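>
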Amino acid sequence: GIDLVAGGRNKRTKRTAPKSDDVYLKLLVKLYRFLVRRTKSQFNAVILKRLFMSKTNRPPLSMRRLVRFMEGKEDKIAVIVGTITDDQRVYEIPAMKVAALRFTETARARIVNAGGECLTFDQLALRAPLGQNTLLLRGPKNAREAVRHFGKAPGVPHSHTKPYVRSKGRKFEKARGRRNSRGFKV
Amino acid sequence: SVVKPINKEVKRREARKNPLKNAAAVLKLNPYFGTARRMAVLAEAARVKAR
Amino acid sequence: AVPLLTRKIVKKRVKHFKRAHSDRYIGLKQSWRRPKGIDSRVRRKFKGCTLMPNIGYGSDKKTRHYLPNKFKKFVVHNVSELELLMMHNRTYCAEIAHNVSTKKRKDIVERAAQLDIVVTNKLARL
Amino acid sequence: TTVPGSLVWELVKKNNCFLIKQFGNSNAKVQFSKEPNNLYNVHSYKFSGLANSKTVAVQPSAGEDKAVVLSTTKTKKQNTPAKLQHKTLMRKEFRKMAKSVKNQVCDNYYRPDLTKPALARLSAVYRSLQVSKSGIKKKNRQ
Amino acid sequence: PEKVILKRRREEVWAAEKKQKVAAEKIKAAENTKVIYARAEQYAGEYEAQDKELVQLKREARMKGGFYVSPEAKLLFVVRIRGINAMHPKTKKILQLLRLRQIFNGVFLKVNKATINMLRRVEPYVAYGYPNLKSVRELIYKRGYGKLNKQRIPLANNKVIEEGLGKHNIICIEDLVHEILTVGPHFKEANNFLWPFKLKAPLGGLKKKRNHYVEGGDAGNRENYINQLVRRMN
Amino acid sequence: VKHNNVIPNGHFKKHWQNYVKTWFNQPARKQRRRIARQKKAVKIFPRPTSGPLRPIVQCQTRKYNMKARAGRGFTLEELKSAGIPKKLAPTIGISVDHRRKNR
Amino acid sequence: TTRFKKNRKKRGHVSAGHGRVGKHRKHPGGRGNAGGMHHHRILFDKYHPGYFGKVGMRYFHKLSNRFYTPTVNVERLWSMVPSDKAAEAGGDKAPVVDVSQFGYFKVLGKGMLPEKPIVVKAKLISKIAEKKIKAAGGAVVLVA
RNA sequence: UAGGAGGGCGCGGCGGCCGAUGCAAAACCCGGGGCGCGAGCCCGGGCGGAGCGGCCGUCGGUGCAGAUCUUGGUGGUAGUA
RNA sequence: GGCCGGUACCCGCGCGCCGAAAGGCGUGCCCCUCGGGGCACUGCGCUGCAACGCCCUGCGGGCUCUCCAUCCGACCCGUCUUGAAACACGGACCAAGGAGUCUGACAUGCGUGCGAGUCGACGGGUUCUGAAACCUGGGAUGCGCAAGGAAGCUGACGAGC
RNA sequence: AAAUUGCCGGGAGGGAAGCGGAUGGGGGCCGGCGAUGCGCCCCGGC
Ligand SMILES: [Mg+2]
Ligand SMILES: [Mg+2]
Ligand SMILES: [Mg+2]
Ligand SMILES: [Mg+2]
Ligand SMILES: [Mg+2]
Ligand SMILES: [Mg+2]
Ligand SMILES: [Mg+2]
Ligand SMILES: [Mg+2]
Ligand SMILES: [Mg+2]
Ligand SMILES: [Mg+2]
Ligand SMILES: [Mg+2]
Ligand SMILES: [Mg+2]
Ligand SMILES: [Mg+2]
Ligand SMILES: [Mg+2]
Ligand SMILES: [Mg+2]
Ligand SMILES: [Mg+2]
Ligand SMILES: [Mg+2]
Ligand SMILES: [Mg+2]
Ligand SMILES: [Mg+2]
Ligand SMILES: [Mg+2]
Ligand SMILES: [Mg+2]
Ligand SMILES: [Mg+2]
Ligand SMILES: [Mg+2]
Ligand SMILES: [Mg+2]
Ligand SMILES: [Mg+2]
Ligand SMILES: [Mg+2]
Ligand SMILES: [Mg+2]
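Chains as they are written, first to last, in UniProt numbering: chain A, 2 to 187; chain B, 304 to 354; chain C, 2 to 127; chain D, 2 to 143; chain E, 11 to 244; chain F, 2 to 104; chain G, 2 to 145.
1) Counting pairs of beta carbons, one from the segment 126-139 of chain A and one from the segment 29-46 of chain G, are three or more of them closer than 8 angstroms?
2) Would you mind telling me which residues of chain A sit closer than 8 angstroms to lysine 307 of chain B, beta carbon to beta carbon, in chain order?
3) Does any residue of chain A have a CB that is nearer than 7 angstroms to the CB of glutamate 94 of chain D?
4) Leaving out the 5 sequence neighbours to the left and right, which residues in its chain are closer than 7 angstroms to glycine 156 of chain A when beta-carbon positions are compared?
5) Using a cut-off of 7 angstroms between C-beta atoms, extract the partners of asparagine 127 of chain E located in chain B.
6) Can a CB atom of chain A be found closer than 7 angstroms to the CB of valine 7 of chain F?
7) Leaving out the 5 sequence neighbours to the left and right, which residues in its chain are closer than 6 angstroms to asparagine 38 of chain D when beta-carbon positions are compared?
8) By the 10 Å Cβ neighbour count, where 16 or more other Cβ atoms means buried, how is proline 130 of chain A classified, buried or exposed?
9) Between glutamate 11 of chain D and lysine 27 of chain A, is the Cβ-Cβ spacing less than 7 angstroms?
10) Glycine 18 of chain G and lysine 11 of chain G - do their beta-carbons sit closer together than 7 angstroms?
11) Using the beta-carbon of each residue, which ones in chain F are nearer than 8 angstroms to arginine 26 of chain G?
12) Quick check: what's the CA-CA separation for residue 417 of chain B versus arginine 39 of chain A?
13) Determine the burial state of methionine 64 of chain A: buried for a count of at least 16 other Cβ atoms within 10 Å of its Cβ, exposed for fewer.
14) Could you pull out every residue in the same chain whose Cβ sits closer than 8 angstroms to the Cβ of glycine 72 of chain F, ignoring the five residues on either side in sequence?
15) Ignore the nearest five residues each way along the sequence and tell me which others in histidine 78 of chain C's own chain have a CB closer than 7 angstroms to its CB.
16) I'd like to confirm the pairing. Which residues does DSSP put opposite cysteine 119 of chain A in its beta bridges?
17) Given this structure, state the Cα-to-Cα distance separating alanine 346 of chain B from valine 65 of chain E, to the nearest angstrom.
18) If you reduce the DSSP assignment to three classes, tell me which class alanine 126 of chain A lands in.
19) If I'm right that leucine 204 of chain E touches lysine 157 of chain E with Cβ under 8 angstroms, what's the distance once you round it to whole angstroms?
20) Straight-line CA distance for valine 97 of chain G to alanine 145 of chain G?
21) For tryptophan 17 of chain F, count the other beta carbons within 10 Å of its own beta carbon; 16 or more makes it buried, fewer makes it exposed. Which is it?
22) Indicate the three-state DSSP secondary structure (helix, strand or coil) for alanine 140 of chain G in the structure shown.
23) For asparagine 34 of chain G, which residues in chain F fall below 9 angstroms Cβ to Cβ?
24) Got a sec? Which residues, its chain only, sit under 7 angstroms from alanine 68 of chain D by beta carbon, not counting five neighbours each side?
25) Please classify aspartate 23 of chain A: is it buried, with 16 or more other beta-carbons within 10 angstroms of its beta-carbon, or exposed?
26) Relative to the alpha-carbon of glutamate 312 of chain B, which residue among E:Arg242, E:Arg162, E:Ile15 and E:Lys28 has its alpha-carbon at the smallest distance?
27) Could you pull the DSSP bridge partners for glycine 75 of chain E from this structure?
28) For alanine 137 of chain G versus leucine 114 of chain G, is the C-beta distance shorter than 7 angstroms?
29) In chain order, what residues of the same chain have a beta carbon less than 6 angstroms from the beta carbon of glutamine 60 of chain D, not counting five sequence neighbours either side?
30) Cα-Cα, which of F:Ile95, F:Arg63, F:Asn5 and F:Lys3 is closest to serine 51 of chain F?
31) Between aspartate 4 of chain A and chain E, is the shortest Cβ-Cβ distance under 7 angstroms, so that the two count as touching?
32) Measure how close the beta-carbons of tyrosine 135 of chain E and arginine 90 of chain E come, nearest whole angstrom, since I'm counting them as under 8 angstroms.
33) Mind checking if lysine 37 of chain C is an interface residue toward chain G, Cβ cutoff 7 angstroms exclusive?
34) Kindly list, in the order they appear in chain A, the residues whose Cβ is closer than 7 angstroms to that of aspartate 46 of chain G.
35) According to a CB-to-CB cut-off of less than 8 angstroms, which residues of the segment 10-34 of chain D neighbour chain A?
36) Can you name the start and end residues of the alpha helix (DSSP H) that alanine 124 of chain E belongs to?
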């Protein structure tokens, strides 16, 4: 008998290989296993750990934010382990070099017609294996519509969480608990 | 061009050697052990050999 | 046809793990079923009652699935898959499957004698 | 393989026509691969005869005494199955078979990986033919 | 071809570089063993110097009319004697902080008002006292394990200390033993490096663990007699 | 009810299992309509298979006011001004809708 | 995929995963939303605030058509004009956009605009859409 | 324990792949030999006399010792009342 | 004396001799100065401890199978229960059937496709084994891209630490 | 097929039997249950 919690065995969990059995993703996984093992670059470590992500932990990043992130850093290669969607709200995109999993077929055309070069992670591993002069990025995680529902309950003070409502309107959860004149103001 | 040198060397756990009564190992842990023992014995030598 | 295993096969238990109370009844099969009772002396593991299978009774990985022959068995239905044990005859043992004909068994055994593959069924169906 | 070898492996590492798997998917699983151009017939990416450009086969020939075929895949002709394998019917004795196999596998840096395994299979095939000729003179158990 | 010759060039470079590292490290070990020899010689010399010094002082005080009060011990050896069952939660925390998380573990402790009043709170569960040189050294030798990268690495060679310490000017087992016993400026690190000694059950038995050592039992101070107990825990 | 979820609106308190309508006959209606269209085309050969002519009209309703669609028939004013008699227009493949007004 | 349902793993465990003490009876809380005001009160007034009661005035025979205002922000207007007729333009000459031809009634004023002038021709405009278009040098033509 | 999850074993189909079978398939019986910690599997012998299995994907009316469970059979009571 | 282990690394062996062998044998510097002791220059390689038995178709060896004896243990399972072996309830035994499934809405999590789009789901044209498959519309059908108000109505002028 | 019954052969029983762990004594059954082959050599031809 020894005084330990669950015999000391780690009770947290993390991904160690993507649930996705996409063969191309498994091949990237093997490549970056090699790189993080023989190279000891923290950048490769982060890239690996982020290929071991779900699609709700890999939200899309659009150019209207990518260009923000590339404004004055055209020498460094942009890396987004996720998706690049276009954004019809921007007009002039600097010729930028971005590496990503996927490019929406209109965003890839936008980048090519702007004159940048549009990479995949193997092409990234060619000319930045340790990640020389690279700019790692993540898309907005808590921007997902589902997240607007999370946190402390809708009906407690100071909470600004969207309650699950089957439709908007006057009759759908406006009456008692949302105003002084019927009951109380949440 | 960037990988560190490959490491094929497998280091297993080393068998235990008696750290108190194995001469070879006690002289790798405490190299002065033999000198202290010799001093003590060579001090006993006179203390007995006198009488 | 000489065994490659160079480690003595050790078994932490040879007796089977018969189901608790398989003895008093006939309808209960001998196969093990974990006793799910709330007051079951077997589940509470009082001494003197049947032993359950743990993982602790597991056998060594390097001496696992070796027959008493010191070969791992591999069941073959025909000459086609008999012949693919050329470079495993020191570690794998063919067994001709239970539903082949005696005619095909003669052929497989003849083929295995010249490929020098240990077979435990060469005296079957004759 | 029009696609690369690693991709072919990730495509066929779990099911293919040449894979004989028995005893379930538990710790008891036994896996062999029975394509002609796999040497140990061990189903691994080293020995896989489908996921590789450069593969060697060592087989006893058709009904005829003591003729061994050594075949190596032609890397460049690879999308031409009829002209995909360079097959080599040799019938000389064993020492000159081993020198030629070393010539075709290891010495030209075709695929030194399978230097020792190809020769081991050559020994097994040769003595298999030798005993098909002579008979069971030795019990081969000591 | 070019591919394999290019591979082999680096293979040659690495072979040479590894050989020259071995050549350097042989000289390193050859000088380091003389350094260790010197340190152990002087540690032993001051062991006898202090041992004669105590008798010298006590005799001098008796001669000059008064008496010499020995300097109270700087170090405690604590060994837990009660199991992990039926513990008040505050006591459970005290033991988890002292690193006594299993019966018949031994830890080395600084003496100070912070820690000795911590033992005060948990005396029914530990037996503890004043280790001497033999006890400390042979604990370190025969049951020495090091908290190396959270793993328990046996202290079977001098090299483990190069990794665990060496930012603290502790290089051999004898430095570790000295720097514990004569509670040093780095005792915290050279104890947290040590893994709780997992000791044998007391040979020859054990008196009643329910009572205090004064009343006949075993818990609490037995100041000098942890020495007498260790030879049968070890 | 239990953990945070929408307030259910299950309208399954009647005997809905007596009125479930399954669509396994969807391919069957497709094929039957196709057959009916062939056997109408052969009969009305050589008339146009879409039927008589239909007017360009505007939809109602602010949401679709700008979106033109085929109506039901030409008005009397339109037939008269295009020079085609009322009773003859439906004869020669021209629908007539006496209810529409030309505004 | 019944071969995956966790009921299958709960075979042999007497309670099928619903507890021995508190069993799995028909409807121990009531059918549906039973007792919103009474014993599910904690639930309804924690997670669905505002559920109970009337607010607002009735509107007999609503048509959703009457309320149809598809809107477009200013930031997206320039996507509507093709690049060719963005080139066929200068400082004094600017393209004219009929949003009603695109299915939009109102033109709202969210986001940036390029400095290039544009004449958006809508049915409804906001204050801020006009202020941004004028400040960009364009103009507005109201049609319907 | 209540409970949760992972990995597997097993039954019956479907889309595929590899096979077995009148020189004996399925089933069932055995003081037969084994493998796995275990669900279970493999082989041997007998009866049997025409079908059957393995692997991958996938699907399901899929696993029994209880429910005074349902149908059918059989006991002890008993050669007794 | 007990138990375990028997070596690709710590040990050990060869590259000299004597010695069956344990093993002994060189040179130079420090120490006592007797006896001897300490230190030193150090390199290539190789590197699974042995001796002898017994039996080998035997009346042999061993077996996880069967019966029996003996020592130790050992209350009858499922269950409601703080508590069941209970003088709590169900169960005489066997065989077969036998209990979280289907559908709708929603939600989180995960996978796939696309991604300010996305759905072809009602229809239409095709469809030479086919209730399949493939094509088609959509310029606004569903959801999403704008929200706040009861409503008239208004509807995000561009972020720093 | 089992429940269940009979006959034959075996086994054991001082107010239960059955089951777990030890071996021991009976059985019954296992030749992949357990080997005879490697190197060196000389012919005698293959
Ligand atoms: Mg333990
Ligand atoms: Mg309030
Ligand atoms: Mg209980
Ligand atoms: Mg004793
Ligand atoms: Mg006592
Ligand atoms: Mg007490
Ligand atoms: Mg009803
Ligand atoms: Mg449970
Ligand atoms: Mg549940
Ligand atoms: Mg229940
Ligand atoms: Mg409940
Ligand atoms: Mg209750
Ligand atoms: Mg009330
Ligand atoms: Mg069922
Ligand atoms: Mg059943
Ligand atoms: Mg039953
Ligand atoms: Mg049950
Ligand atoms: Mg009660
Ligand atoms: Mg009672
Ligand atoms: Mg009751
Ligand atoms: Mg009863
Ligand atoms: Mg749309
Ligand atoms: Mg910041
Ligand atoms: Mg019977
Ligand atoms: Mg009697
Ligand atoms: Mg017994
Ligand atoms: Mg026995």
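All residues carry an ideal CB built from backbone N, CA and C; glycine is no exception.
Walking through what the data contain:
1) With a cut-off of 8 angstroms on Cβ pairs, the segment 126-139 of chain A is not in contact with the segment 29-46 of chain G, counting fewer than three such pairs.
2) Residues of chain A with a Cβ closer than 8 angstroms to the Cβ of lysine 307 of chain B are, in chain order, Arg39, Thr40 and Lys41.
3) Look at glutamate 94 of chain D: its C-beta is not under 7 angstroms from any C-beta on chain A.
4) Once the five neighbours on either side are set aside, the close Cβ partners of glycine 156 of chain A are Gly178 and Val187.
5) Neighbours of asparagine 127 of chain E on chain B: none; closest Cβ ~36 angstroms, over 7 angstroms.
6) Chain A places a beta carbon closer than 7 angstroms to that of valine 7 of chain F, counting this residue as a contact.
7) Closer than 6 angstroms at Cβ, skipping near neighbours: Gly50, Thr56 and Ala58.
8) So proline 130 of chain A counts as buried.
9) In contact: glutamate 11 of chain D and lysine 27 of chain A (Cβ atoms closer than 7 angstroms).
10) Taking 7 angstroms as the Cβ cut-off, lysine 11 of chain G and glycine 18 of chain G qualify as a contacting pair.
11) For the C-beta of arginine 26 of chain G, not a single chain F residue is nearer than 8 angstroms; the gap to the nearest is close to 15 angstroms.
12) Chain B is shown from 304 up to 354; residue 417 of chain B falls before or after that span and cannot be answered.
13) Here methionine 64 of chain A is buried, its C-beta having at least 16 other C-beta atoms within 10 Å.
14) Closer than 8 angstroms at Cβ, skipping near neighbours: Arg55, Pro56, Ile57, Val58, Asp98 and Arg101.
15) So the qualifying residues of the chain are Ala98 and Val101.
16) Partner(s): A:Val99.
17) About 21 angstroms.
18) Taken through DSSP and simplified to helix, strand or coil, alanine 126 of chain A comes out as helix.
19) The Cβ separation is near 7 angstroms, so the contact holds.
20) When rounded, the distance between both Cα atoms is 15 angstroms.
21) With fewer than 16 Cβ atoms within 10 Å of its Cβ, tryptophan 17 of chain F is classed as exposed.
22) Three-state DSSP puts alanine 140 of chain G in a strand.
23) Residues of chain F passing the Cβ test: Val2, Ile8 and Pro9.
24) Listed in chain order, the non-local C-beta contacts of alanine 68 of chain D below 7 angstroms within the same chain comprise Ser62, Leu90 and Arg92, local neighbours out to five positions each way being set aside.
25) Exposed, because fewer than 16 other Cβ atoms sit within 10 Å of the Cβ of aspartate 23 of chain A.
26) Nearest option by C-alpha distance: E:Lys28.
27) Note: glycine 75 of chain E is not bridge-paired with any residue in the DSSP secondary-structure output.
28) Contact: yes.
29) Cβ neighbours of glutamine 60 of chain D beyond the five flanking positions: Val70.
30) With distances taken between Cα atoms, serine 51 of chain F lies closest to F:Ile95.
31) So yes, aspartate 4 of chain A belongs to the interface.
32) Right, the Cβ-Cβ distance comes to about 6 angstroms (below 8 angstroms), so this counts as a contact.
33) For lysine 37 of chain C, the nearest beta carbon of chain G is closer than 7 angstroms to its own beta carbon.
34) Near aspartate 46 of chain G (Cβ distances below 7 angstroms), the residues of chain A are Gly156 and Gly178.
35) Answer set for the segment 10-34 of chain D: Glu11 and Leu12.
36) In this chain, the alpha helix (DSSP H) harbouring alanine 124 of chain E covers 123-130.
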